[PDB]
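Reading through the structure tokens given below for one structure.
Cβ atoms come from the backbone with ideal geometry, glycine included; neighbour counts cover every protein chain shown. None of the figures in this text is laboratory data; all of them are computed from the coordinates on show.
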Amino acid sequence: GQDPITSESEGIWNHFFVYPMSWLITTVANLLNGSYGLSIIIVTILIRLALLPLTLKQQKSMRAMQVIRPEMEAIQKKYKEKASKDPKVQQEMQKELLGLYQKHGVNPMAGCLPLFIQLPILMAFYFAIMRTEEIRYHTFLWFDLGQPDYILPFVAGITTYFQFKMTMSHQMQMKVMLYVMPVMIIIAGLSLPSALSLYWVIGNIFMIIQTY
């Protein structure tokens, strides 16, 4: 018989990722008399409240790295001039970089974790929208939640822009966040069901309030 690695792995994804997300959306919607629009909004906010402790930690550490930015980049500026031909040179560089982090308790390769948790949440949400048949053509405002929309992805891009601008108020990486990021969202949004763009908008608005 065919190898069960395919069905079982997909079974895990469907039952423990897709289904709980789908169940959460429909339950709230049924409590709101079939309002799948308000459900997605509420659920998105609920998801944010769960990520909040992890979100706050990622923000606190990001501020710490901003204190180190003059110091660590000076080390990398230093070793950029030195001859990197010797493996022992790179080691001494590692000792300096580590000593900086140890003096503060900061840890690199950490805080880049929440960037990885947004993906399966987004993916489970995406499949929940696709597989919940009563969401497919449920119109909300001017768009069907299961269908692609023209206008909404632009709103998701605009809110993403202002979410970043408010953060920087509260230069290469800045142009990546302010310019590159919103365009990626619009392009992705136009290729995905409007429920995804709504999800992104609510999340952005939440983060905007969360900063203020």
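Would any residue of the range 150-180 have its amide N under 14 Å from a label point 7 Å out along Cα→Cβ of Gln76? List them or say none.
Counting only backbone N, you get 171-174.
How do 70-82, 154-166, 188-200 rank on mean C-beta neighbours within 10 Å, highest first?
188-200, 154-166, 70-82
Report the gain in length on full extension from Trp142 to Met130: 0.36 nm times residue separation, minus Cα-Cα distance, nm rounded to one decimal.
Net length gain for the segment: 2.4 nm.
Give me the extension gain from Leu190 to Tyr212: residue separation times 0.36 nm, minus the current Cα-Cα distance, reported in nm with one decimal.
4.9 nm is the gain from fully extending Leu190 to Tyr212.
Roughly how many whole Å is it from the C-alpha centroid of the range 132-170 to that of the range 73-116?
Computed from Cα coordinates, the inter-centre distance equals 39 Å.
Quick check for me: using +1 on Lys/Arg Cβ and -1 on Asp/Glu Cβ, what's the dipole size of the chain about its Cα centre, in debye to the nearest 20?
Result for the chain is approximately 1160 debye, rounded to the nearest 20.
Please report the net charge: other residues with Cβ closer than 12 Å to the Cβ of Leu145, K and R +1, D and E -1.
-3
Need the full-extension length gain, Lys60 to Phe16, defined as separation in residues times 0.36 nm minus the C-alpha distance. One decimal, nm.
Separation in residues times 0.36 nm, less the Cα-Cα distance, equals 12.7 nm.
On each of the three principal axes of the Cα atoms of the range 21-129, give max minus min coordinate, whole Å, ordered largest first.
68, 25, 17
Please give, to one decimal in nm, the separation of the simple spin-label points placed at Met181 and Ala50, each 7 Å out from Cα toward the Cβ.
With each label placed 7 Å out from Cα toward Cβ, I get 2.3 nm.
Could you work out, for the chain, what percent of all Cα-Cα pairs fall into each 10 Å distance bin, beginning at 0 Å and stopping at the bin that holds the largest distance?
7, 26, 28, 19, 14, 6, 1
Given a Förster distance of 35 angstrom, what is the FRET efficiency for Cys112 paired with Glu8, based on the Cβ-Cβ distance and rounded to 0.05?
Details: r = 30 Å, r/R0 = 0.85.
Efficiency for this residue pair is about 0.70.
Under unit Cβ charges (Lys, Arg +1; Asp, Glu -1), what dipole magnitude, rounded to 20 debye, does the range 112-212 have relative to its Cα centre?
320
Between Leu100 and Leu119, what is the label-to-label distance in nm when each label sits 7 Å out along the Cα-to-Cβ direction?
With each label placed 7 Å out from Cα toward Cβ, I get 2.7 nm.
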